[PDB]
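> below you'll find the sequence and an experimental structure to go with it.
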6 protein chains.
Amino acid sequence: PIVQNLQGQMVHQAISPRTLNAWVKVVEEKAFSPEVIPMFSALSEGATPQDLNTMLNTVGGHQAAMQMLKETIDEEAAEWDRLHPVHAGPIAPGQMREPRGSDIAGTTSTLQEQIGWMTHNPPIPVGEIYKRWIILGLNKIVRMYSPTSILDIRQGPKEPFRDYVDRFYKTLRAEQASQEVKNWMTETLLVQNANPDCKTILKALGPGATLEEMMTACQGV
Amino acid sequence: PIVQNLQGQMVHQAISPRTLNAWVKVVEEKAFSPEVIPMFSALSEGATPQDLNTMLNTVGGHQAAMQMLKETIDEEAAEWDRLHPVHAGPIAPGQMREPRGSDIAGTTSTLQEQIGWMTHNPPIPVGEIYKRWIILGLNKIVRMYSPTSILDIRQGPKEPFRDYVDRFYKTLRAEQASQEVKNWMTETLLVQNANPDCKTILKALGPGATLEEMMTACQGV
Amino acid sequence: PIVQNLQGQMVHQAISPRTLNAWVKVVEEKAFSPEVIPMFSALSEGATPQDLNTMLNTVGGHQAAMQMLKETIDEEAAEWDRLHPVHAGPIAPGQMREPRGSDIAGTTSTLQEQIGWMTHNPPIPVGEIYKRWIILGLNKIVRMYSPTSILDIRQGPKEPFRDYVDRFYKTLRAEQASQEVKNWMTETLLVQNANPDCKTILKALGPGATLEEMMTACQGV
Amino acid sequence: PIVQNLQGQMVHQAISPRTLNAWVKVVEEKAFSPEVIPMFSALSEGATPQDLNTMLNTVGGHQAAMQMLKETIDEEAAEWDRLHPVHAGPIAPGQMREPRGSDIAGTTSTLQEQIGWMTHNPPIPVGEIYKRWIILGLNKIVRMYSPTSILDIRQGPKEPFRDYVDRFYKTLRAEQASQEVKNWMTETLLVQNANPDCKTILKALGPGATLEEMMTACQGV
Amino acid sequence: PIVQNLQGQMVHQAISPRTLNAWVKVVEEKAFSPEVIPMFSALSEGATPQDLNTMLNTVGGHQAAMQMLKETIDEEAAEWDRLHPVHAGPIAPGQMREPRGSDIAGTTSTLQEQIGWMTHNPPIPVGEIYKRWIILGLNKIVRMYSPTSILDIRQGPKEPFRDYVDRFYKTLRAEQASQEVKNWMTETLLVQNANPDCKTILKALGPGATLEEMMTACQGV
Amino acid sequence: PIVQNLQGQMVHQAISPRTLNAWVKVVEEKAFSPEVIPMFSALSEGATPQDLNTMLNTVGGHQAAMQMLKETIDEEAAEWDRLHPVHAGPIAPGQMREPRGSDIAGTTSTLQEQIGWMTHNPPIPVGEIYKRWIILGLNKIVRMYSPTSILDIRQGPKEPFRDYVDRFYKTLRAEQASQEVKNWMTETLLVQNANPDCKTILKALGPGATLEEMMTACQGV
Ligand SMILES: Cc1[nH]c2ccccc2c1CC(=O)N[C@@H](Cc1ccccc1)C(=O)N(C)c1ccccc1
Ligand SMILES: Cc1[nH]c2ccccc2c1CC(=O)N[C@@H](Cc1ccccc1)C(=O)N(C)c1ccccc1
Ligand SMILES: Cc1[nH]c2ccccc2c1CC(=O)N[C@@H](Cc1ccccc1)C(=O)N(C)c1ccccc1
Ligand SMILES: Cc1[nH]c2ccccc2c1CC(=O)N[C@@H](Cc1ccccc1)C(=O)N(C)c1ccccc1
Ligand SMILES: Cc1[nH]c2ccccc2c1CC(=O)N[C@@H](Cc1ccccc1)C(=O)N(C)c1ccccc1
Ligand SMILES: Cc1[nH]c2ccccc2c1CC(=O)N[C@@H](Cc1ccccc1)C(=O)N(C)c1ccccc1
């Protein structure tokens, strides 16, 4: 991450061992379950692209995912370059160059250049921009390693409603969908794919009911 | 959370890895037992809505609960909007907008906007307001995942009184009730649902006795 | 707890995750053995009543005890109110009210009010006053969950003296007694309830002997 | 590592116990898998050559590797000496000497000399230079303890594509290759060495496809 | 422990949870082996008598020892009182009283009084004085729970010399003895109680030999 | 260790619980393997002789070693005294005495005296001098508890070369030898004591080959 030093200057903070071990443990234990993302985001708050790279490099295994991640990073780095053309020429002495997509991703930029941009007034938030891309890739990975689709989730004959909902929202959390699509999957699927005895009750509760109500209503069978 | 920096400015504090791992462990180990709430409250002291969101996002599983939580958040966000109408128009340059319910819940607001409100003089405590709502939802969850009601708690024939009381107060802690309702459940149920041998003794101690006294009095059988 | 900020002002310190997890572990592992009290006292040093409440709320189980604890808190809160009558009227604008027993216990007081009192010049140490009450209740709990009395502790025929003493002082630590009563239990019981072979020796050492001496003297049989 | 003290002066920071234990655990658990490198780099940020030496010295076992490491360090130290000839003579009183390769590697230099160079204006970044060499050696070790070559990686008849890719990129991460060579191994091998059923599909997707697409396309068989 | 605050004043530092848990673990795991003492001393550096009391109170079990500890504390507190008579009278308003033995042991003194003495110019180091007494008691305990005497340590027929020495110095570390007595036990016992084959060799090495030499000399049989 | 306080003065830093527990764990788990030394050195950076003593005192067991350690300390303390004669006389009021060997080892010196010397301008680095001696003893211990000599290390008929080298360098790390002696053991033994099939190959590589090359060359059999 980054802080201002004793005096005026602005210095890099080494990522702690705890922050590191935590990120590695998350991944060993949770693979690419959705909750990994928040965790990465949390553990990376204030990060430079180096740091972010570091963090990603500390994962062993999941290299298929990691390659998808790079391709997503790449995809975005191109789009950045296209929206912000740079001017290759005489870079005015000790004066800051404009970052390219590769400079944001850390491949063509130093830590010192990175800090430089991040603490500029006004700042170029290269860490956050790189972070946004990384999370994009992380979503994709999450979808890809979701073993089931929302359409394959039906309540079991003898499955309490609470657990169907659990499985449904869990599955739903791991989908490619805008918010509007998830909403739609909910409105269409949740009641439809409930089992017969509970489905009848819920049809009767009508479309304005809360989940608390739905669960209450299917409690007794 | 939030602190004032080296100099005048007011900066975000990343939630630590310990605070994170602790919240995740709590939930893996305790599901939605009542004590989870304090723990969440403690681990979240000083939090911005982002942070709170982060914390909630780091839980995998319990997605039925988490959906109830959102609906409760939503319910409250509406009520806020209704009690505080905002004026959509020209937001005066670099000047702070009034938060909506969605801005409090973090969905339509940035961290920078959030800090802004939290450290304003006089402040809009958006973290505490969002926290209050989240705890509301957390109570509801707690009730919903309580597998037994206070009325189903009777002392076993051969159950020491100490343990009946344990089960009764534990059950009672997980109920929807104002303080006045819990009091009432106590005054009506605790002695009534004690087993015969202990019940006689307690009727004889009379209604002003403490629990220490009650336990003392049923010690010997 | 509480500290003075960067500048002049006096701010709340969130109780750490370590302090929290430690208190929870203590109780899971030790129930209400005497040593729990020091531990609570240590983990709570500098605490506001909120914090103390937090800590107590984080224990799941032991709810019979916790109810005794509240009754003891209540008992004390009444006594406080009786010794310090407050004047209900126009609370002079932004000026500090006198705390009631409920304000000390945290039920009718905010954190901000609490800090206010704790850092007043001269201060009202509401945390320490609430702490003293809580420890009182904690003693009572300790006595109540002590499964044996000092009078039931006799040295086994083939029990080395060292271990009898261990059991005796352990039992003695968990009693309701002033210091003078414990002293008395010692002077009357320890030698009397030793087994015959060791008892004879100790009668011969006479009443001024130390425990080191007593143990030395019963070493050889 | 290094920080500026209370006042003007610039002082050494002891490497923490956590940073140490973490590095030792990494190696016990992961031997010389690629991810070890980032970890070492992370745990060593800001390090003086002493510290780096310390860290390396704390590994027991892997002494064949460690000897390769020294030889690589040595190789580099020579190259440094050759590119930067020093002038042996009267070292001007309390004035800084130019570092040799051995002074960078820590063998002929003190901590005080090391700090001196690192915080000079303009600085001689001896820690980073030594770090770069150490990582070079660490790469070599990584290659040497890679038990399989990229050419020996073929998808199993009944191996989902996802896992072949995993094994391929993992193997590829542990190779001696410029970026251009890895690219080349990819373009030549990945599709070629896929199993027949998946290979046909991928030939049909054509050379511009992403891995996400490739995995999508071989999903269904 | 104790530190000077933000501004001029001198404030108490709560003993950390780590320092606490560490002391409790030491004792659960090591009982009263000699090394416990250093550990206690280390964990208690800078402590007030409250803190020290706290630490001692956090041990459950070993109550026979703990009672010996109090008697030793008591013994010393008396001796202090006798060497430093106090003058009971009008304690000059807000002016510091002279500590008694009970004030040093914490029983008749507050934390505020304790800090007061510890940071006085010139200081009364009540923590160190109480610490010295506590360690005295701790030595005694150590001796008392040493199950074997230095005279009972003979090298086994087939016991390598290294291990005899280990057992001998370990036993010797747990004895009541001035330095001069330990020296004497060494000079008299170590060689004498070695087994015949090794004893002959050592007699021949003569009285100026080091242990390194002794071990070298008995290596080969 | 040591730091300058809030204001001008220079104060002792208690060794942390983590630094302590870490040193104890190292030794329980690793006995006197070579890597223990770095670890001790790392964990002790900035230490006063008290602290160092503390650390050594916290090890239980290994008392034969610890006695060798003292003798080595003693040996060195004598040599110091002989090279720096002190003048016993009127020690000029509140003025610093010259340290003896016993004052460096901590036996005749206080912490306050120790800090005094360490922070003097110009300083007497008593911690580093004592540390150097302790490490000397630690080397000796390491040699003594090395169960095998470099001459007894031959490659197994069916032992990959990598593992022979591992065993050889590991053994070599635990020897009494100047750098020049180790070099010599290498040049003479490593190839000579390799097994026949690998030995022939290595003779053919010639004396300038690296270990990387040697391992490469014996890879294939
Ligand atoms: C955890 C989760 N499950 C989902 C299933 C489908 C789609 C999204 C999700 C999410 C992420 C998810 O939406 N998380 C919430 C935070 C949150 C988590 C858990 C309970 C309540 C609030 C979030 O990030 N935001 C901004 C948010 C905050 C309030 C209301 C709605 C959204
Ligand atoms: C822990 C608990 N069990 C209950 C059962 C029924 C209703 C509520 C509860 C509670 C929460 C509960 O009431 N917790 C207490 C704190 C507390 C916890 C444990 C012992 C003593 C004090 C609390 O939050 N407040 C403000 C409080 C403080 C003093 C007296 C009464 C209330
Ligand atoms: C630990 C313990 N066991 C008891 C048995 C009967 C009554 C009380 C106790 C106690 C608490 C107990 O008395 N603890 C001691 C601290 C202590 C603990 C252990 C050894 C020495 C000193 C204490 O709090 N104080 C103020 C104290 C200090 C010195 C002398 C006497 C009392
Ligand atoms: C982790 C990994 N696997 C490889 C296989 C072949 C070659 C190299 C590697 C690497 C290291 C690897 O390339 N790591 C990445 C960081 C990274 C790791 C994981 C996912 C995305 C980005 C890196 O260090 N840099 C500078 C980088 C950043 C963005 C794009 C490309 C490279
Ligand atoms: C650890 C130990 N074992 C003993 C056996 C008999 C008597 C005493 C002991 C001790 C304590 C013991 O003497 N510990 C040493 C520290 C120490 C520990 C281990 C190795 C070297 C130095 C100590 O405290 N001091 C002041 C000391 C320092 C140098 C030389 C001699 C004494
Ligand atoms: C770890 C080790 N194994 C040995 C075997 C024989 C003799 C010595 C050793 C050592 C200690 C050893 O030499 N450690 C190295 C640090 C080190 C450790 C591991 C790999 C590379 C560099 C060291 O302390 N120094 C000053 C050093 C630094 C660079 C080159 C040569 C020496």
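Great, that's in hand. Residues are numbered from 1 along each chain as shown, chains lettered A, B, ... in the order given. Ligands and ions are numbered 1, 2, ... in the order given.
> show me where chain A has helices.
A:17-30, A:36-43, A:49-57, A:63-83, A:101-104, A:111-118, A:126-144, A:161-173, A:179-189, A:196-205, A:211-219 (DSSP state H).
> chain center to the longest one: distance?
Its chain's C-alpha centre lies 14 Å from the corresponding centre of helix A:63-83 when counted by Cα atoms, centre = their mean, to the nearest Å.
> quick one: residues in contact with it.
Applying Cβ atoms under 8 Å, 6 or more residues apart in numbering or on different chains, the contact partners of helix A:63-83 are A:32, A:56, A:59, A:100-102, A:104-105, A:129-130, A:133-134, A:136-138, A:140-141, A:144-145, D:162-163, D:165-166, D:168-170, D:172-173, D:210-212, D:215. For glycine as for every other residue, the C-beta is placed from the backbone atoms N, C-alpha and C.
> just say which of the helices of chain A is most tucked in.
Here the criterion is mean neighbour count by mean count of other Cβ atoms under 10 Å in any protein chain shown, and of the helices of chain A the winner is helix A:101-104, at a mean of 23.
> identify the residues contacting the residue nearest in space to the middle of chain A.
In chain A, the residue lying closest to the centroid (Cα atoms, centre = their mean) is residue A:135, at 3.6 Å. Counting by Cβ under 8 Å, 6+ apart, residue A:135 makes contact with A:37, A:40, A:41.
> roughly how far does it sit from chain B?
Separation of residue A:135 from chain B (Cβ to the nearest Cβ, to the nearest Å) stands at 12 Å.
> check residue A:20 too.
9 Å.
> count the neighbours of the closest residue to residue A:13 other than its chain neighbours for me.
Using Cβ to Cβ, 6 or more residues apart in numbering or on different chains and skipping the chain neighbours, the partner closest in space to residue A:13 is residue A:1 (4.5 Å). A count of nearby residues for residue A:1, using other Cβ atoms under 10 Å in any protein chain shown, gives 17.
> and the residue of chain A nearest chain C?
residue A:18 (11.6 Å; Cβ to the nearest Cβ).
> these two touch, right, that residue and residue B:14?
No - using Cβ atoms under 8 Å, residue A:18 is not in contact with residue B:14, being 11.8 Å away.
> for the closest residue to residue A:198 other than its chain neighbours, give me its contacts.
Computed as Cβ to Cβ, 6+ apart, the closest residue to residue A:198 that is not its neighbour in sequence is residue A:218, at 4.2 Å. Counting by Cβ under 8 Å, 6+ apart, residue A:218 touches A:160, A:161, A:194, A:198, A:201, A:202.
> residues touching the first one, list them.
In other words, residue A:160. residue A:218.
> now do the residue of chain A at minimum distance from ligand 2 against ligand 6, distance only.
Of all residues in chain A, residue A:212 sits closest to ligand 2, at 21.2 Å by Cβ to the nearest ligand atom. Going from residue A:212 to ligand 6 by Cβ to the nearest ligand atom, to the nearest Å gives 62 Å.
> could you do residue A:126 as well?
From residue A:126 to ligand 6 the distance is 35 Å (Cβ to the nearest ligand atom).
> hmm, that residue is touching residue A:114, no?
Yes - between residue A:126 and residue A:114 there is a contact at 6.0 Å, judged by Cβ under 8 Å.
> overlap in contacts, these two.
The contact sets of residue A:126 and residue A:114 overlap at A:48, A:49 (Cβ under 8 Å, 6+ apart).
> up against chain B, what does chain A have?
Within chain A, the positions near chain B by Cβ under 8 Å from any Cβ of the partner chain are A:1, A:3-4, A:16, A:18-19, A:22, A:30, A:33-35, A:37-39, A:41-43, A:45-46, A:162-163, A:165-166, A:168-170, A:172-173, A:210-212, A:215.
> let's see it at 7 Å
A:4, A:18-19, A:22, A:30, A:33-35, A:38-39, A:41-43, A:45-46, A:162, A:165-166, A:169-170, A:173, A:210-212, A:215 (Cβ under 7 Å from any Cβ of the partner chain).
> for chain E, what's its nearest residue on chain A.
Closest point on chain A to chain E, by Cβ to the nearest Cβ, is residue A:18, at 13.8 Å.
> and for the closest residue to ligand 6 within chain A, nearest residue in space, chain neighbours not counted?
Proximity of chain A to ligand 6 (Cβ to the nearest ligand atom) peaks at residue A:17, 20.4 Å away. Of all residues not flanking residue A:17 in the chain, residue D:22 sits nearest, at 4.3 Å (Cβ to Cβ, 6+ apart).
> and what of residue A:197?
Using Cβ to Cβ, 6+ apart and skipping the chain neighbours, the partner closest in space to residue A:197 is residue A:221 (5.3 Å).
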